[PDB]
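Everything below concerns the one structure shown next.
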Amino acid sequence: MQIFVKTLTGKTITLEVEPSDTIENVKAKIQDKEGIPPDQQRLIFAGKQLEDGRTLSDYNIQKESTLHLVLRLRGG
Amino acid sequence: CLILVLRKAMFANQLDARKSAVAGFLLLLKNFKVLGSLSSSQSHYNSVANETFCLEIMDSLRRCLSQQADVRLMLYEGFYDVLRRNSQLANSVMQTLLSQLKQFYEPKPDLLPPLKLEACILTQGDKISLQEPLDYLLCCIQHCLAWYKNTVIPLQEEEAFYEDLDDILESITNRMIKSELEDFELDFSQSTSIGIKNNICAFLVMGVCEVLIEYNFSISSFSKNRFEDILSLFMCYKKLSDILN
Amino acid sequence: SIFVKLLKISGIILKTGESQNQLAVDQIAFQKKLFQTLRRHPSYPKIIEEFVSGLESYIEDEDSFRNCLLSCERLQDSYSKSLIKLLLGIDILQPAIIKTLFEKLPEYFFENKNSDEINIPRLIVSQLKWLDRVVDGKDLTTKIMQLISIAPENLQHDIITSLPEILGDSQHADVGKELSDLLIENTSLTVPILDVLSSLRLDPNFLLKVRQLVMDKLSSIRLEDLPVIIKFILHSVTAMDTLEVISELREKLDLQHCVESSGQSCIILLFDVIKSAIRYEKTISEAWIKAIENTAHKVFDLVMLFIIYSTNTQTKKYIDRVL
């Protein structure tokens, strides 16, 4: 189950997350791949803030999902 | 987290953001007390953590210093309070200032100027602006050196630079009294960039001349030769002011 | 060997394999003692040159490079950064280090195609951020432009979005003019260039050209691109040009014809950008009300009017009367 993370400026990141995982695992994987720390970044889907500490199964995440990434502070 | 957002805030193009971040840097390093030998008050148990934190903050300040003029002005204004509330970091700060001094103070006493107008001013396309006020550099150096000489040495391997700084200022005194307007190309307004840089240089030489008056009056202890130097230096300043008027 | 000898004398324990390099002393202590040892060693140019030679000889092995460029480990009975960052922190060694890094990078262009473990150029750009001082702006400009020319879309994009941290204060104007030349040349990487132009410090006179070039294409860009372009437009305007650009962008809105979940996410991103811009840029805020009052019907304008009433307390009674 691949998911496209779309950061600002149009950059695409392909990343695999199983359906049973949670948003904390997503942020940890993003730190592992991109190096951004987990607490700093923020994710949004369907124009709705991803509530921390909740599984992605509650959200309507499907195959080839698009999750938009925004960083509070510029350049990480 | 605070230091993270400050260091992330360093490269913001907004001038107010840069000045805010630098003032925050100076204030926070002022408040964190180095437990080892800091001079009284007006203290976390991890003293070595404080020390290394202050030193890496000083490295960030080394990054900070090469920036536009307002940041440098605030930096040199705040180093005196930093030195007053924190004494050990002075051993770095003066050296950092000395590096800036070595960026403009020529070593040869035979050479006439202690200031290079090209490096001092931000020469750039279609405009002219200040980069680093050398008068404020000498101002901060004089106040820090006077504070240390008045407080720490009486309170008491690497001492030599202190007298070297005195020697530097002594050489900056001498060459200046022997100086003249021909070196600085004086005797200029906002009509042309040439006049703009000449006016800025006039302000700079006036400022560093009066800071040299401060230094010479401080160290002389009322000697006839030193006060003769003060009189000649102030006469140079007076004719500069009259020319500007 | 002399490189390794000086390195181990400096107190950092090199550790190959899985174990990362250990710090006997602190980062600053390592920097101070290494700089003092190099300064006081005889034959300063020769010792520096053979140190660089031994460094580039040691770094040939792939495992050596991978363990070197990663973050170190703190060895005590603070936080540990990479030893390459420690080497960058020393001013005298910086041009040798950056030359070694940028001659090494073309080797790993092929590696970028197959390396599933870790992205080598991504990490290298990561270490290269947050430096102390630029030893030579011209060298950085030439190296960055070489990477822009030769590297593929992903790597050139990565260095572009990393540009504000890499560059010092000095190289703003020339790099800005050269990336505008790239904007004229190419169209694919235009949006990241718009982002760094928003971030970087450039004068209004140079910004006028890019503003004129990009205002024509604002009517013909997808929804995914838009919020960073309007971020540039709102943060790259003078005091007198506010009403003109506000009226022009409100007339050239693409939401009427544009309006999946990504679309709604992008719309809230547009509105977050507008909230950030309006909250502090007062002249733009007041010019918005003045421009729409002069106009005297668009839904996007009405939502912007609602949030303007929400955020700015000073415009409360005024915007109530205007509504």
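Labels for the structure tokens follow display order: chains A, B, ..., residues from 1 in each chain, ligands from 1.
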
Q. Quick one: residues within 7 Å of range 88-99 of chain C, only C-alpha atoms counted, chain neighbours fewer than 4 positions away excluded, as a VMD selection string?
A. chain C and resid 31 52 84 103 131 to 132 135

Q: Could the residues of chain B within 9 Å of chain C, counting only C-alpha atoms, be given as a PyMOL selection string, please?
A: chain B and resi 7-8+11-14+49+52-53+55-56+59-64+66-68

Q | Among the residues A:71, A:8, A:17, A:30, the one that comes closest to chain C [using only C-alpha atoms] | A |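 Among A:71, A:8, A:17, A:30, it is A:8 that comes nearest to chain C.
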
Q: Using DSSP on the backbone coordinates, identify all residues within range 53-134 of chain C classified as alpha helix (DSSP H); present the result as a PyMOL selection string.
A: chain C and resi 53-58+62-69+83-89+94-104+108-114+120-128

Determine, using only C-alpha atoms, which residues of chain A have any atom at most 8 Å from an atom of chain C, and tabulate each with its shortest atom pair and distance in Å to one decimal place, rows ordered by chain and then rising number, as a Markdown table.
| residue | atom | partner | partner_atom | distance |
| --- | --- | --- | --- | --- |
| A:8 | CA | C:228 | CA | 7.6 |
| A:9 | CA | C:192 | CA | 5.2 |
| A:10 | CA | C:225 | CA | 6.9 |
| A:11 | CA | C:157 | CA | 7.7 |
| A:33 | CA | C:118 | CA | 7.5 |
| A:34 | CA | C:122 | CA | 7.8 |
| A:44 | CA | C:265 | CA | 6.8 |
| A:45 | CA | C:265 | CA | 6.1 |
| A:46 | CA | C:261 | CA | 4.3 |
| A:47 | CA | C:265 | CA | 3.7 |
| A:48 | CA | C:265 | CA | 7.3 |
| A:66 | CA | C:262 | CA | 6.4 |
| A:67 | CA | C:262 | CA | 7.7 |
| A:68 | CA | C:265 | CA | 7.2 |
| A:75 | CA | C:162 | CA | 6.9 |

Residues as selected, N, CA and C atoms, written as an mmCIF file, in the first residue's frame, can you do that?
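Written output follows (part-v3.cif):
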data_model
loop_
_atom_site.group_PDB
_atom_site.id
_atom_site.type_symbol
_atom_site.label_atom_id
_atom_site.label_comp_id
_atom_site.auth_asym_id
_atom_site.auth_seq_id
_atom_site.Cartn_x
_atom_site.Cartn_y
_atom_site.Cartn_z
ATOM 1 N N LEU A 8 5.579 20.908 0.151
ATOM 2 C CA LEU A 8 5.457 22.163 -0.567
ATOM 3 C C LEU A 8 6.419 22.176 -1.751
ATOM 4 N N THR A 9 6.117 23.041 -2.720
ATOM 5 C CA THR A 9 6.879 23.200 -3.959
ATOM 6 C C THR A 9 6.768 21.994 -4.892
ATOM 7 N N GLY A 10 5.797 21.106 -4.675
ATOM 8 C CA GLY A 10 5.488 20.065 -5.633
ATOM 9 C C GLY A 10 6.326 18.805 -5.555
ATOM 10 N N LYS A 11 7.218 18.678 -4.576
ATOM 11 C CA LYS A 11 8.026 17.471 -4.463
ATOM 12 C C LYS A 11 7.152 16.282 -4.075
ATOM 13 N N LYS A 33 13.231 8.618 6.235
ATOM 14 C CA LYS A 33 13.513 8.849 4.821
ATOM 15 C C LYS A 33 14.029 10.264 4.574
ATOM 16 N N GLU A 34 13.302 11.275 5.057
ATOM 17 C CA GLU A 34 13.604 12.667 4.739
ATOM 18 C C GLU A 34 14.513 13.337 5.759
ATOM 19 N N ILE A 44 -1.739 16.820 6.405
ATOM 20 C CA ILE A 44 -3.130 17.169 6.147
ATOM 21 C C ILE A 44 -3.636 16.307 4.997
ATOM 22 N N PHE A 45 -4.895 15.882 5.106
ATOM 23 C CA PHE A 45 -5.528 14.995 4.138
ATOM 24 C C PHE A 45 -6.986 15.397 3.996
ATOM 25 N N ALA A 46 -7.433 15.567 2.751
ATOM 26 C CA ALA A 46 -8.786 16.038 2.448
ATOM 27 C C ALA A 46 -9.068 17.391 3.090
ATOM 28 N N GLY A 47 -8.030 18.208 3.237
ATOM 29 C CA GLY A 47 -8.148 19.464 3.955
ATOM 30 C C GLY A 47 -8.596 19.302 5.391
ATOM 31 N N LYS A 48 -8.130 18.249 6.060
ATOM 32 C CA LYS A 48 -8.469 17.965 7.449
ATOM 33 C C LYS A 48 -7.191 17.627 8.198
ATOM 34 N N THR A 66 -2.961 10.600 -1.288
ATOM 35 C CA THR A 66 -2.157 11.819 -1.365
ATOM 36 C C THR A 66 -2.248 12.531 -0.022
ATOM 37 N N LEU A 67 -1.122 12.611 0.686
ATOM 38 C CA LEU A 67 -1.032 13.281 1.982
ATOM 39 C C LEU A 67 -0.135 14.501 1.825
ATOM 40 N N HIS A 68 -0.671 15.690 2.106
ATOM 41 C CA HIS A 68 0.090 16.922 1.940
ATOM 42 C C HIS A 68 0.821 17.279 3.229
ATOM 43 N N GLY A 75 12.363 25.254 5.894
ATOM 44 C CA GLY A 75 13.552 24.436 5.713
ATOM 45 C C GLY A 75 13.803 23.462 6.842
#

Q: Tell me which protein, DNA and RNA residues are within 7 Å of range 187-201 of chain B, counting only C-alpha atoms, leaving out same-chain ones fewer than 5 positions away, and put them as a PyMOL selection string.
A: chain B and resi 117+127-128

Those same residues - N, CA and C atoms - I'd like them written as an mmCIF file, in the first residue's frame.
data_model
loop_
_atom_site.group_PDB
_atom_site.id
_atom_site.type_symbol
_atom_site.label_atom_id
_atom_site.label_comp_id
_atom_site.auth_asym_id
_atom_site.auth_seq_id
_atom_site.Cartn_x
_atom_site.Cartn_y
_atom_site.Cartn_z
ATOM 1 N N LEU B 117 38.311 51.295 3.446
ATOM 2 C CA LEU B 117 36.963 51.759 3.136
ATOM 3 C C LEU B 117 36.218 50.782 2.235
ATOM 4 N N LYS B 127 23.690 50.751 -5.589
ATOM 5 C CA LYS B 127 23.431 51.332 -4.279
ATOM 6 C C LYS B 127 24.652 51.126 -3.399
ATOM 7 N N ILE B 128 24.685 51.872 -2.296
ATOM 8 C CA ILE B 128 25.762 51.813 -1.316
ATOM 9 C C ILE B 128 25.131 51.790 0.069
#

**Q.** Residue contacts of range 86-101 of chain B (10 Å, only C-alpha atoms) excluding same-chain residues fewer than 5 positions away, as a PyMOL selection string
**A.** chain B and resi 29-42+51+54-55+58-59+61-62+65-66+76+79-81+106+114-115+132+134+137-138+140-141+144-145+147-148+151-152+158-159+161-162+164-165+168

Any chance you could export the current selection's C-alpha atoms as a compact mmCIF listing (two decimals), in the first residue's frame?
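Below is the file that was written, selection.txt:
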# COMPACT_ATOMS: atom_id res chain seq x y z
CA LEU B 29 23.10 33.49 26.45
CA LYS B 30 23.18 36.48 28.81
CA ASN B 31 20.76 34.78 31.18
CA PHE B 32 22.36 31.33 31.27
CA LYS B 33 25.09 31.62 33.90
CA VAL B 34 28.33 29.71 33.43
CA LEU B 35 28.95 28.29 36.90
CA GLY B 36 32.75 28.36 36.50
CA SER B 37 34.26 31.67 37.68
CA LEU B 38 31.45 34.00 36.51
CA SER B 39 31.66 37.32 38.33
CA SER B 40 28.84 37.57 40.90
CA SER B 41 25.40 38.90 39.79
CA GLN B 42 24.22 42.18 38.23
CA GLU B 51 29.54 25.87 29.02
CA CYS B 54 27.22 28.88 25.45
CA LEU B 55 30.15 27.96 23.20
CA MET B 58 28.94 31.61 20.24
CA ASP B 59 29.62 29.60 17.08
CA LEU B 61 27.08 34.13 16.67
CA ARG B 62 30.18 33.68 14.50
CA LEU B 65 28.21 38.43 12.54
CA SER B 66 28.68 38.39 8.75
CA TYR B 76 28.13 44.93 19.37
CA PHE B 79 28.16 42.16 23.86
CA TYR B 80 28.91 44.56 26.72
CA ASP B 81 25.89 43.38 28.72
CA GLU B 106 46.49 46.20 9.03
CA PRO B 114 43.67 51.31 10.26
CA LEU B 115 40.48 51.08 8.15
CA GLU B 132 30.12 46.69 9.60
CA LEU B 134 34.19 49.85 12.70
CA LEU B 137 33.75 47.59 16.81
CA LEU B 138 36.32 49.78 18.54
CA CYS B 140 32.74 47.45 22.02
CA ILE B 141 36.41 46.43 22.17
CA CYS B 144 35.03 45.08 27.06
CA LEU B 145 38.77 45.60 27.54
CA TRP B 147 35.74 46.09 31.98
CA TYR B 148 38.18 43.18 32.04
CA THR B 151 37.43 43.76 37.18
CA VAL B 152 38.99 40.41 36.31
CA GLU B 158 46.52 33.15 26.83
CA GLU B 159 46.89 36.65 28.33
CA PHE B 161 46.27 39.13 23.19
CA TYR B 162 45.03 41.58 25.85
CA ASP B 164 48.23 42.97 21.92
CA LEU B 165 44.82 44.63 21.76
CA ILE B 168 46.68 47.41 18.33

Q: Grab the CA of residue 105 in chain B to CA of residue 157 in chain B distance for me, in Å with one decimal place.
A: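 So the answer is 24.0 Å.
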
Q) Please, which residues of chain A lie no more than 12 Å from chain B when the count uses only C-alpha atoms, and can they be set out as a list in words? A) residues 37, 39, 40, 71, 72, 73, 74, 75 and 76 of chain A

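Candidate residues A:25, A:18, A:7, A:1 were compared for distance to residue 54 in chain A, and the nearest is A:25, using only C-alpha atoms.
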
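For the set A:36, A:12, A:6, A:55, the residue with the smallest atom-to-atom gap to residue 24 in chain A is A:55, counting only C-alpha atoms.
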
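Of all the residues in chain A, the ones DSSP labels as strand (DSSP E or B) from the backbone are residues 2, 3, 4, 5, 6, 12, 13, 14, 15, 16, 22, 41, 42, 43, 44, 45, 48, 49, 55, 65, 66, 67, 68, 69, 70 and 71 of chain A.
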
Q: Just the residues within 12 Å of residue 211 in chain C, please, counting only C-alpha atoms, with nothing from its chain fewer than 5 positions along; format it as a ChimeraX atom specification.
A: /C:180,194,197-198,204-206,216-218,229-230,232-238,241,245,248-249

Q | Shell around residue 21 in chain C at 8 Å using only C-alpha atoms, local window under 2 positions removed, as a ChimeraX atom specification | A | /C:12-16,19,23,67-68,72-73,83
